[PDB]
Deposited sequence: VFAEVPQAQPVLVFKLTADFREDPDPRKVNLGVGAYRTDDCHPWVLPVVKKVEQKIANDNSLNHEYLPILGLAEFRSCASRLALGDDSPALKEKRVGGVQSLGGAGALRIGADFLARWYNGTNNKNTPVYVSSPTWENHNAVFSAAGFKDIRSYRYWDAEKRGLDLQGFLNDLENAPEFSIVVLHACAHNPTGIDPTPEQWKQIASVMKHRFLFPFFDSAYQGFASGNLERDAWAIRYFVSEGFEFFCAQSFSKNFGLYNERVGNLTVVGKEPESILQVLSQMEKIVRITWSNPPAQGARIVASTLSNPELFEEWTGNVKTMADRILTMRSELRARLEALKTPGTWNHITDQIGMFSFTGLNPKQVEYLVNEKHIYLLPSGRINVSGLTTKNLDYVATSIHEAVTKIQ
């Protein structure tokens, strides 16, 4: 729960020098929420289109949105799409997609009603992964080594070794990019090895793809996904558009499915309808509409890629102006990994008692929202910087 209850703590002011480095939402240099221009544009288009009703969308969701979302992840020229072996199920954000997928694997994968199948999540991972799959009824939820605290980066040989020792068919939850919370992603060459182990041992890739856009480049961010496609994997991918469209509170996501033949997608999609029918009946519209219109229209599309760049660039800027500021000033070590990490979230270094004092970025692990730094919010986050570090 933590992050949506460090949202309540943002108020507990010692010197009215609080800090939310807590919630995962982009914040401008003036520490405000940023509605994208493309969005404020498209919203008007909707509100000025009197042809639109509010009749029930299909269970699986808006057609146009489902196409555009899957196409964004797999690429316009994907062999999957061209061989009509790709489905998509509008969801209530990435959390919606994940749950729906979790529920489906629990009911239809590795045999029937198989809750014994091992589920694998990065060590560490997003606080909500363990819970989502527990809810879907999986009993065995396991770690794969990922964050090497010592080398402050990817433990590739531990990861691979763990995938090597996973029972055949085990499910594997992968961060498509912008690993949360640590901010280290595999290189393509690192992906190529992981895929190899997963291919030999028939492991199931379940991608989590909540921050497509945040190298700043959407095609770049989707390379891992698109490689697994080209290597002939079957997989799910939980897409969220909460960050890359700023539609947090319209709950816009999509569970893309990749199969070996069209008939699989048909079987699979039809069984998803039952799950949706007893979870939320059918999805909300405003979200999906805003996205569907943006991606389907070349004019708006281009402008949107700009707006994601904008956010992506400010995050790098705030990264530089605090690492590089550890070249002149020092106290313990120095260290590259702030500007090494990518995504929205940094893994700093800290212990649990620094975090208690600190200023207040209270994610015990030491994870901060980089977007939550500003010049005014003092690029000097730790103020002098190493008084709570020294």
### Message
Tell me which segments of the deposited chain sequence are not represented by C-alpha atoms in this structure.
### Response
1-10, 225, 370-373, 406-408
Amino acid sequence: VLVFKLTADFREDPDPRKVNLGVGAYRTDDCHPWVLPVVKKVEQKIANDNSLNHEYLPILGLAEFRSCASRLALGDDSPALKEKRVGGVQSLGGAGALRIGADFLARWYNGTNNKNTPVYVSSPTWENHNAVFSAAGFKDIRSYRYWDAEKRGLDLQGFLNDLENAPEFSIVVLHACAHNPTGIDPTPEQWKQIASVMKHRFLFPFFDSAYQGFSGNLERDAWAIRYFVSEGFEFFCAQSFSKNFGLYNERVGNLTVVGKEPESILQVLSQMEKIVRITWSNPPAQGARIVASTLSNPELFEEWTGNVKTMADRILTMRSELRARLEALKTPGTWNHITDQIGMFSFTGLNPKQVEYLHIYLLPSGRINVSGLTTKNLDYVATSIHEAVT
From here on, numbers count along this sequence of modelled residues.
### Task
Give the stretch, out of 62-70 and 331-339, with the larger mean C-alpha temperature factor in the deposited entry.
331-339
### Query
Mean C-alpha B-factor higher for 374-382, or for 13-21?
374-382
### Query
Say you rank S134, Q90, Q190, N114 by Cα B-factor from the PDB entry; which sits at the top?
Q190
### Query
At the C-alpha atoms, which of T279, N161, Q271, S143 reaches the highest B-factor in this entry?
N161
### Task
Taking the chain's C-alpha temperature factors as the reference, tell me which third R226 falls into: lowest, middle or highest.
lowest
### Task
Among all modelled residues of this chain, ranked by Cα B factor, put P205 in the bottom, middle or top third, i.e. lowest, middle or highest.
lowest
### Where the record places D77 (Cα B-factor, split into thirds across the chain)
middle
### Task
Would you mind checking where the Cα B-factor of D148 ranks among the modelled residues of its chain, as the lowest, middle or highest third?
highest
### Message
Looking at the temperature factor on the CA atom of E55, which third of the chain's modelled residues does it land in?
### Response
lowest
